[PDB]
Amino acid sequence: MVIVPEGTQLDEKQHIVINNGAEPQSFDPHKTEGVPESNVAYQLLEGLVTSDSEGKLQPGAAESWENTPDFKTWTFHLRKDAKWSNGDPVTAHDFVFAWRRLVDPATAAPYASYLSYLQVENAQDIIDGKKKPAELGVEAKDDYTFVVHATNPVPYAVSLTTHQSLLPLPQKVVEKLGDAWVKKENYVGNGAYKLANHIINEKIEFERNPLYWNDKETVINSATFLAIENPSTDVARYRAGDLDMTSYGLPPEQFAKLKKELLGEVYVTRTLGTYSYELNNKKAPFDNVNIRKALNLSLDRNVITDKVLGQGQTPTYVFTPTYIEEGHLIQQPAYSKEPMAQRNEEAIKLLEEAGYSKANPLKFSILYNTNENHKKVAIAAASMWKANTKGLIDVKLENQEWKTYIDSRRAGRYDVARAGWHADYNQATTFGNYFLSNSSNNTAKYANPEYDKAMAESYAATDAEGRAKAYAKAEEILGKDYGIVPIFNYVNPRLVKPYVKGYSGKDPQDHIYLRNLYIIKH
């Protein structure tokens, strides 16, 4: 109804097929940290606030909310008639239950730190085993009023609440079934869809959740998510007419021709994302700053963005995208403005000083998730690091399936890993928070108490300028330590069939909510 322009002739079936790119780790939002996982979670569950086709915030499970003028108390007014898919009522108790479970050490959640980022009273103490989960600073004031108590001002709090990690869970179900609640037979959610089927490595089928509070505005009746790893295979299925929307990678070598032949089907979203090679800071020899610096100097970003990809990705030398809100004072480092000849000279010296030569080069593997585009970037990186250092680096490639790749990065079983970080919310700390010493997201094992202190100063600021200065200083410190190898800021290219509507190409987080889409007839 409302999302559909008047007069628009809708197709009768309303089925859509989307490539989700990989088999998700889990459908439990406390056990996951990836885009494939969040894409599934967002169809089955809905948090306090959610977003439209352009990423603008809109009421979710909460119909209204407010904050105290100090930005420390956040009150959410929940819908009195909203239900779980089994008929249970959705209440503030479910949010209290879910947010406690997220920080509870027993959950071992990859995103435990998220409530620490939000500065929720006692979140960090709970993660650290010093306080019980019941001591977390959130409460059901009554069944339909959920209150969040932050120890520091967090003016961007509402945007943080759209993240998968803060989705509610059906307390009554999870308390009874444990971790097994996530099985298809048991899953209960408050989102627009429910799980109709799941075949590992093949497909996830979604069906309408008729008990969704806003089911009357949902148009798509059913959807399939595929798990096609390689952009070229994604495009081949699309052109065979067997899927309707690709994942957010397209083959660089096909890109020009696809724009020519598929007019109005090629979308490119400019997103708040950074593609990096993460260095394992606690594994020899990347514990050596001199070697981390050599790798940064000797990698020519323009080769990757202009010659390997060429889809609008832009080179970067910092973790935070500088165009994110409050990111504007972050500076690209000085070396980024030196000619490659100078950079390569400096890198070779550093590597010789560290005992490498053509006969005894620095050897390591780039770990990446199986994907032909990542392979291309890794080959170009391998090739550049060898030639630019005159044979002093010799790089192997190792691809793993998504789930294995995530496990390997979290377990520290890597030298150098391909890493993409997409904003959890449209403000700088979604990047800055990543490299805090104690962040559950910090798989790099980067730890500088001076980085942590610079970030901490942001909460003492009283305005966006004060915050932006603190974030600039944090990034400067991360830059001087060469903690990682930033490569580019993302663009998200997709093919979308012309009968698919409600995909904007303008959402800086490029979410796809099935409830935002519709299939037209003509």
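The numbering used is simple: start at 1 and walk along the sequence shown. Between two forms, the rigid core is defined as the largest C-alpha subset superposing within 1.5 Å.
- Between stretches 124 to 132 and 417 to 425, the one whose Cα atoms sit farther from the displayed model in 6 other deposited structures of this protein on average is 124 to 132 (core-aligned, root mean square).
- Superposing on the core and measuring CA offsets in 6 other deposited structures of this protein, the stretch of 74 to 82 and 430 to 438 with the greater mean deviation is 74 to 82.
- Checked against the record, the higher mean CA B factor of 153 to 161 and 332 to 340 lies with 332 to 340.
- As recorded in the PDB entry, 170 to 178 is the stretch of 170 to 178 and 203 to 211 with the greater mean C-alpha temperature factor.
- Considering 371, 429, 113, 91 together, the PDB entry gives 371 the largest C-alpha B factor.
- Remark: of 496, 44, 456, 48, 456 shows the highest value [criterion: C-alpha B-factor in the PDB entry].
- For residue 87, the recorded CA temperature factor ranks within the middle third of the chain's modelled residues.
- Annotation for residue 9: C-alpha temperature factor in the highest third relative to the rest of the modelled chain, per the entry.
- Split the chain's modelled residues into thirds by C-alpha temperature factor. Residue 35 is in the lowest one.
- Looking at the C-alpha B-factors along this chain, the one for residue 137 belongs to the lowest third.
- Per the deposited record, the Cα B-factor of residue 483 falls in the middle third when ranked against the other modelled residues of its chain.
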